[PDB]
$ cat run.csv   # CSV, N, CA, C and O atoms
chain,number,residue,atom,x,y,z
S,1,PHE,N,-37.5,-9.1,-22.0
S,1,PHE,CA,-37.2,-9.6,-20.6
S,1,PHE,C,-36.8,-8.5,-19.7
S,1,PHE,O,-36.2,-7.5,-20.2
S,2,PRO,N,-37.1,-8.5,-18.4
S,2,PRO,CA,-36.7,-7.5,-17.5
S,2,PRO,C,-35.4,-7.8,-16.8
S,2,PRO,O,-35.3,-8.4,-15.8
S,3,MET,N,-34.3,-7.4,-17.5
S,3,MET,CA,-33.0,-7.5,-17.0
S,3,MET,C,-32.7,-6.4,-16.0
S,3,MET,O,-32.4,-6.6,-14.8
S,4,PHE,N,-32.8,-5.2,-16.6
S,4,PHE,CA,-32.7,-3.9,-15.8
S,4,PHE,C,-31.3,-3.8,-15.1
S,4,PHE,O,-31.0,-4.4,-14.1
S,5,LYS,N,-30.4,-3.0,-15.8
S,5,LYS,CA,-29.1,-2.7,-15.2
S,5,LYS,C,-29.4,-1.7,-14.0
S,5,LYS,O,-29.8,-0.6,-14.2
S,6,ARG,N,-29.2,-2.2,-12.8
S,6,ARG,CA,-29.5,-1.4,-11.6
S,6,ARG,C,-28.6,-0.2,-11.5
S,6,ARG,O,-29.1,0.9,-11.0
S,7,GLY,N,-27.4,-0.3,-12.0
S,7,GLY,CA,-26.5,0.9,-11.9
S,7,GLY,C,-26.7,1.8,-13.1
S,7,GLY,O,-26.6,1.4,-14.2
S,8,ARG,N,-27.1,3.0,-12.8
S,8,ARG,CA,-27.3,4.0,-13.8
S,8,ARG,C,-26.0,4.6,-14.3
S,8,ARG,O,-25.9,5.2,-15.4
S,9,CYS,N,-25.0,4.4,-13.5
S,9,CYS,CA,-23.6,4.7,-13.9
S,9,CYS,C,-22.8,3.5,-14.1
S,9,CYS,O,-21.8,3.2,-13.4
S,10,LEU,N,-23.3,2.6,-15.0
S,10,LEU,CA,-22.7,1.4,-15.3
S,10,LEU,C,-22.3,1.3,-16.8
S,10,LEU,O,-23.0,2.0,-17.6
S,11,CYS,N,-21.2,0.6,-17.1
S,11,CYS,CA,-20.7,0.6,-18.5
S,11,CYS,C,-20.1,-0.7,-18.7
S,11,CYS,O,-19.5,-1.3,-17.8
S,12,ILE,N,-20.1,-1.1,-20.0
S,12,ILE,CA,-19.5,-2.4,-20.3
S,12,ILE,C,-18.4,-2.2,-21.4
S,12,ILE,O,-17.5,-3.0,-21.6
S,13,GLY,N,-18.6,-1.1,-22.2
S,13,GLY,CA,-17.7,-0.7,-23.2
S,13,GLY,C,-18.4,-0.5,-24.5
S,13,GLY,O,-18.4,-1.5,-25.3
S,14,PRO,N,-18.9,0.7,-24.8
S,14,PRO,CA,-19.5,1.1,-26.0
S,14,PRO,C,-18.5,1.5,-27.1
S,14,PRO,O,-18.8,2.4,-27.9
S,15,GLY,N,-17.4,0.9,-27.1
S,15,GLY,CA,-16.3,1.3,-27.9
S,15,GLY,C,-15.5,0.1,-28.5
S,15,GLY,O,-16.1,-0.9,-28.8
S,16,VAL,N,-14.2,0.3,-28.7
S,16,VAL,CA,-13.4,-0.8,-29.3
S,16,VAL,C,-12.3,-1.2,-28.3
S,16,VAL,O,-12.5,-1.5,-27.2
S,17,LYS,N,-11.0,-1.1,-28.8
S,17,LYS,CA,-9.8,-1.5,-28.0
S,17,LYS,C,-8.6,-1.2,-28.8
S,17,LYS,O,-8.3,-1.9,-29.9
S,18,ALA,N,-7.8,-0.2,-28.4
S,18,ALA,CA,-6.5,0.1,-29.0
S,18,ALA,C,-6.7,0.7,-30.4
S,18,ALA,O,-6.8,0.0,-31.4
S,19,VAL,N,-6.7,2.0,-30.4
S,19,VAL,CA,-6.9,2.8,-31.6
S,19,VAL,C,-5.8,3.9,-31.8
S,19,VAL,O,-4.7,3.7,-31.3
S,20,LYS,N,-6.1,4.9,-32.5
S,20,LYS,CA,-5.2,6.1,-32.6
S,20,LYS,C,-5.2,6.8,-31.3
S,20,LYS,O,-6.0,7.6,-31.0
S,21,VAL,N,-4.2,6.4,-30.5
S,21,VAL,CA,-4.1,6.8,-29.1
S,21,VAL,C,-3.7,8.3,-29.0
S,21,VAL,O,-2.6,8.6,-28.5
S,22,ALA,N,-4.5,9.2,-29.5
S,22,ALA,CA,-4.3,10.6,-29.6
S,22,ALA,C,-5.5,11.2,-30.3
S,22,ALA,O,-5.8,12.4,-30.0
S,23,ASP,N,-6.2,10.5,-31.1
S,23,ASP,CA,-7.4,10.9,-31.8
S,23,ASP,C,-8.6,10.3,-31.0
S,23,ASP,O,-9.6,11.0,-30.7
S,24,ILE,N,-8.5,9.0,-30.7
S,24,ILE,CA,-9.5,8.3,-30.0
S,24,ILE,C,-8.8,7.5,-28.9
S,24,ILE,O,-7.6,7.4,-29.0
S,25,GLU,N,-9.5,7.1,-27.9
S,25,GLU,CA,-9.0,6.4,-26.8
S,25,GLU,C,-8.2,7.5,-26.0
S,25,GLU,O,-7.0,7.6,-25.9
S,26,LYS,N,-9.1,8.3,-25.4
S,26,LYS,CA,-8.6,9.5,-24.6
S,26,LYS,C,-9.7,9.8,-23.6
S,26,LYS,O,-10.7,10.5,-23.9
S,27,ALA,N,-9.5,9.3,-22.4
S,27,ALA,CA,-10.4,9.5,-21.3
S,27,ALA,C,-10.0,10.8,-20.5
S,27,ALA,O,-9.0,10.8,-19.9
S,28,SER,N,-10.9,11.8,-20.6
S,28,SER,CA,-10.6,13.0,-19.9
S,28,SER,C,-11.9,13.4,-19.0
S,28,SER,O,-12.5,14.4,-19.4
S,29,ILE,N,-12.2,12.6,-18.0
S,29,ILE,CA,-13.1,13.1,-17.0
S,29,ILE,C,-12.9,12.2,-15.8
S,29,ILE,O,-12.4,11.1,-15.9
S,30,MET,N,-13.4,12.7,-14.7
S,30,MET,CA,-13.5,11.9,-13.5
S,30,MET,C,-14.7,12.3,-12.7
S,30,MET,O,-14.7,13.1,-11.8
S,31,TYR,N,-15.9,11.8,-13.2
S,31,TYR,CA,-17.1,12.3,-12.8
S,31,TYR,C,-18.2,11.2,-12.6
S,31,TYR,O,-18.2,10.2,-13.3
S,32,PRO,N,-19.1,11.4,-11.6
S,32,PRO,CA,-20.2,10.5,-11.3
S,32,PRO,C,-21.2,10.3,-12.5
S,32,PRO,O,-22.4,10.0,-12.2
S,33,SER,N,-20.8,10.5,-13.7
S,33,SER,CA,-21.7,10.5,-14.9
S,33,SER,C,-22.8,11.5,-14.7
S,33,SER,O,-23.8,11.4,-15.4
S,34,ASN,N,-22.6,12.4,-13.7
S,34,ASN,CA,-23.7,13.3,-13.3
S,34,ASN,C,-25.0,12.6,-12.9
S,34,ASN,O,-26.0,13.0,-13.4
S,35,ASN,N,-24.9,11.6,-12.0
S,35,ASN,CA,-26.1,11.0,-11.5
S,35,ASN,C,-25.7,10.2,-10.3
S,35,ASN,O,-26.6,9.5,-9.7
S,36,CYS,N,-24.5,10.3,-9.9
S,36,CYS,CA,-23.9,9.3,-9.0
S,36,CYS,C,-23.0,9.9,-7.9
S,36,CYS,O,-22.9,11.1,-7.8
S,37,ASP,N,-22.4,9.0,-7.2
S,37,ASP,CA,-21.4,9.3,-6.1
S,37,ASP,C,-20.1,8.7,-6.5
S,37,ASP,O,-19.1,9.0,-5.8
S,38,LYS,N,-20.1,8.0,-7.6
S,38,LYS,CA,-18.9,7.3,-8.1
S,38,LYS,C,-18.2,8.3,-9.1
S,38,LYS,O,-18.8,9.3,-9.4
S,39,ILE,N,-17.0,8.0,-9.5
S,39,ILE,CA,-16.4,8.9,-10.5
S,39,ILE,C,-15.7,8.0,-11.6
S,39,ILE,O,-14.8,7.2,-11.3
S,40,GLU,N,-16.1,8.3,-12.8
S,40,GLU,CA,-15.6,7.5,-14.0
S,40,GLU,C,-15.1,8.4,-15.1
S,40,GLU,O,-15.4,9.6,-15.1
S,41,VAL,N,-14.3,7.8,-16.0
S,41,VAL,CA,-13.7,8.5,-17.1
S,41,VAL,C,-14.6,8.3,-18.4
S,41,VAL,O,-15.4,7.4,-18.4
S,42,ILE,N,-14.3,9.1,-19.4
S,42,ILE,CA,-15.0,9.0,-20.7
S,42,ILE,C,-13.9,8.8,-21.7
S,42,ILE,O,-13.3,9.8,-22.1
S,43,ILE,N,-13.6,7.6,-22.2
S,43,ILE,CA,-12.7,7.4,-23.2
S,43,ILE,C,-13.4,7.5,-24.5
S,43,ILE,O,-14.4,6.8,-24.7
S,44,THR,N,-13.0,8.3,-25.4
S,44,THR,CA,-13.5,8.2,-26.7
S,44,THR,C,-12.7,7.3,-27.6
S,44,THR,O,-11.9,7.8,-28.4
S,45,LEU,N,-12.8,6.0,-27.3
S,45,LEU,CA,-11.9,5.0,-28.0
S,45,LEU,C,-12.8,4.4,-29.0
S,45,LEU,O,-13.6,3.5,-28.8
S,46,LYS,N,-12.6,4.8,-30.3
S,46,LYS,CA,-13.5,4.4,-31.3
S,46,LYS,C,-12.8,4.4,-32.7
S,46,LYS,O,-11.6,4.8,-32.7
S,47,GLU,N,-13.5,4.1,-33.7
S,47,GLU,CA,-13.0,4.3,-35.1
S,47,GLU,C,-13.0,5.8,-35.4
S,47,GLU,O,-12.2,6.2,-36.2
S,48,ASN,N,-14.0,6.5,-34.9
S,48,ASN,CA,-14.1,7.9,-35.1
S,48,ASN,C,-14.4,8.6,-33.8
S,48,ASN,O,-13.6,9.5,-33.3
S,49,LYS,N,-15.4,8.2,-33.1
S,49,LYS,CA,-15.8,8.8,-31.8
S,49,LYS,C,-16.9,7.9,-31.1
S,49,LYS,O,-17.8,7.4,-31.7
S,50,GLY,N,-16.7,7.8,-29.8
S,50,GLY,CA,-17.6,6.9,-29.1
S,50,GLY,C,-17.2,6.8,-27.6
S,50,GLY,O,-16.0,7.0,-27.3
S,51,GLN,N,-18.1,6.5,-26.7
S,51,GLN,CA,-17.8,6.5,-25.3
S,51,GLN,C,-17.2,5.2,-24.8
S,51,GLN,O,-17.4,4.1,-25.4
S,52,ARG,N,-16.4,5.3,-23.8
S,52,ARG,CA,-15.8,4.2,-23.1
S,52,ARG,C,-15.6,4.5,-21.7
S,52,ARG,O,-14.6,5.0,-21.2
S,53,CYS,N,-16.7,4.3,-20.9
S,53,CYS,CA,-16.6,4.6,-19.5
S,53,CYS,C,-16.1,3.4,-18.7
S,53,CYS,O,-16.9,2.6,-18.3
S,54,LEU,N,-14.8,3.3,-18.6
S,54,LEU,CA,-14.2,2.1,-17.9
S,54,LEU,C,-14.0,2.4,-16.5
S,54,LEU,O,-13.2,3.3,-16.2
S,55,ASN,N,-14.7,1.7,-15.6
S,55,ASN,CA,-14.6,2.0,-14.2
S,55,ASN,C,-15.0,0.7,-13.4
S,55,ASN,O,-14.2,0.3,-12.5
S,56,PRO,N,-16.1,0.1,-13.7
S,56,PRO,CA,-16.5,-1.2,-13.0
S,56,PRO,C,-15.5,-2.3,-13.0
S,56,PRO,O,-15.2,-2.8,-14.1
S,57,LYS,N,-14.9,-2.5,-11.9
S,57,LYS,CA,-13.8,-3.5,-11.7
S,57,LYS,C,-12.5,-3.0,-12.3
S,57,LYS,O,-11.6,-2.6,-11.5
S,58,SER,N,-12.4,-2.9,-13.6
S,58,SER,CA,-11.2,-2.5,-14.3
S,58,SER,C,-11.4,-1.1,-14.9
S,58,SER,O,-12.4,-0.9,-15.6
S,59,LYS,N,-10.5,-0.2,-14.6
S,59,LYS,CA,-10.5,1.1,-15.2
S,59,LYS,C,-9.6,1.2,-16.4
S,59,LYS,O,-10.1,1.6,-17.5
S,60,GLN,N,-8.3,0.9,-16.2
S,60,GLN,CA,-7.3,0.9,-17.3
S,60,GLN,C,-7.0,2.3,-17.8
S,60,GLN,O,-6.1,2.6,-18.5
S,61,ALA,N,-7.9,3.3,-17.4
S,61,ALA,CA,-7.7,4.7,-17.8
S,61,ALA,C,-6.4,5.2,-17.1
S,61,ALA,O,-5.9,6.2,-17.5
S,62,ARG,N,-6.0,4.5,-16.1
S,62,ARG,CA,-4.7,4.8,-15.5
S,62,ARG,C,-3.6,4.7,-16.5
S,62,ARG,O,-2.7,5.6,-16.5
S,63,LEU,N,-3.6,3.7,-17.3
S,63,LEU,CA,-2.6,3.6,-18.4
S,63,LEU,C,-2.9,4.5,-19.5
S,63,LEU,O,-2.0,5.1,-20.1
S,64,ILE,N,-4.2,4.6,-19.8
S,64,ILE,CA,-4.6,5.5,-20.9
S,64,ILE,C,-4.4,6.9,-20.6
S,64,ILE,O,-4.4,7.8,-21.5
S,65,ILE,N,-4.0,7.2,-19.4
S,65,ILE,CA,-3.7,8.6,-19.0
S,65,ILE,C,-2.5,9.1,-19.7
S,65,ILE,O,-2.5,10.2,-20.2
S,66,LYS,N,-1.5,8.2,-20.0
S,66,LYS,CA,-0.3,8.6,-20.7
S,66,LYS,C,-0.7,8.6,-22.2
S,66,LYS,O,0.2,9.0,-23.0
S,67,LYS,N,-1.9,8.2,-22.5
S,67,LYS,CA,-2.3,8.2,-23.9
S,67,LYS,C,-3.0,9.5,-24.2
S,67,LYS,O,-2.8,10.1,-25.2
S,68,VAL,N,-3.9,9.8,-23.3
S,68,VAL,CA,-4.6,11.1,-23.4
S,68,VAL,C,-3.7,12.3,-23.2
S,68,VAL,O,-3.9,13.4,-23.7
S,69,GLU,N,-2.6,12.0,-22.5
S,69,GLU,CA,-1.6,13.0,-22.2
S,69,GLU,C,-0.6,13.2,-23.4
S,69,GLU,O,0.2,14.1,-23.3
S,70,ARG,N,-0.7,12.4,-24.4
S,70,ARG,CA,0.1,12.5,-25.6
S,70,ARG,C,-0.4,13.6,-26.4
S,70,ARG,O,-1.4,13.5,-27.2
S,71,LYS,N,0.4,14.7,-26.4
S,71,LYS,CA,0.1,15.9,-27.2
S,71,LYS,C,-1.3,16.5,-26.7
S,71,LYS,O,-1.9,16.1,-25.8
S,72,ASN,N,-1.7,17.6,-27.4
S,72,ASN,CA,-2.9,18.3,-27.2
S,72,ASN,C,-3.4,19.0,-28.4
S,72,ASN,O,-2.5,19.7,-29.1
S,73,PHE,N,-4.6,18.9,-28.8
S,73,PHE,CA,-5.2,19.6,-29.9
S,73,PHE,C,-5.7,21.0,-29.5
S,73,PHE,O,-5.2,22.0,-29.9
$ encode --input "run.csv" --output "structure tokens"
Amino acid sequence: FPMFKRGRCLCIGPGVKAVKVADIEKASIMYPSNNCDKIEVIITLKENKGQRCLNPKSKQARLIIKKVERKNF
């Protein structure tokens, strides 16, 4: 079927929810996904590694900021 996501910088959540908040679930970007005029984060919130571009409607990266800001490797 022709659904076609019109937004090329659209995301629904290719990840999980609440993980090792220092290993995964760490959004460190604010960029148009390099195709856009909008600016989103890349959370690697996963069991090991995976994307989480949360921006459409709810970002929540605002809170995850204090998560990504926890220590540094």
$ closest_residue --input "run.csv" --among "S:24, S:54, S:68, S:42" --to "residue 10 in chain S" --atoms "only N, CA, C and O atoms"
S:54
$ residues_near_point --input "run.csv" --point "(-19.1, 3.5, -19.5)" --cutoff "7 Å" --atoms "all atoms listed in the file" --output "JSON, numbers by chain"
{"S": [9, 10, 11, 12, 13, 14, 41, 42, 51, 52, 53, 54, 55]}
$ residues_around --input "run.csv" --residues "residue 67 in chain S" --least-positions-apart "2" --cutoff "7 Å" --atoms "all atoms listed in the file" --output "PyMOL selection string"
chain S and resi 21-27+61-65+69-71
$ atom_distance --input "run.csv" --atom1 "atom O of residue 60 in chain S" --atom2 "atom C of residue 4 in chain S"
26.2 Å
$ atom_distance --input "run.csv" --atom1 "atom O of residue 30 in chain S" --atom2 "atom O of residue 17 in chain S"
24.4 Å
$ closest_residue --input "run.csv" --among "S:72, S:58, S:48, S:33" --to "residue 19 in chain S" --atoms "only C-alpha atoms"
S:48
$ select_by_dssp --input "run.csv" --residues "chain S" --states "helix (DSSP H, G or I)" --output "PyMOL selection string"
chain S and resi 61-68
$ atom_distance --input "run.csv" --atom1 "CA of residue 49 in chain S" --atom2 "CA of residue 31 in chain S"
19.4 Å
$ closest_residue --input "run.csv" --among "S:15, S:2, S:32, S:7" --to "residue 44 in chain S" --atoms "only C-alpha atoms"
S:15
$ closest_residue --input "run.csv" --among "S:8, S:73, S:66, S:1" --to "residue 36 in chain S" --atoms "only C-alpha atoms"
S:8
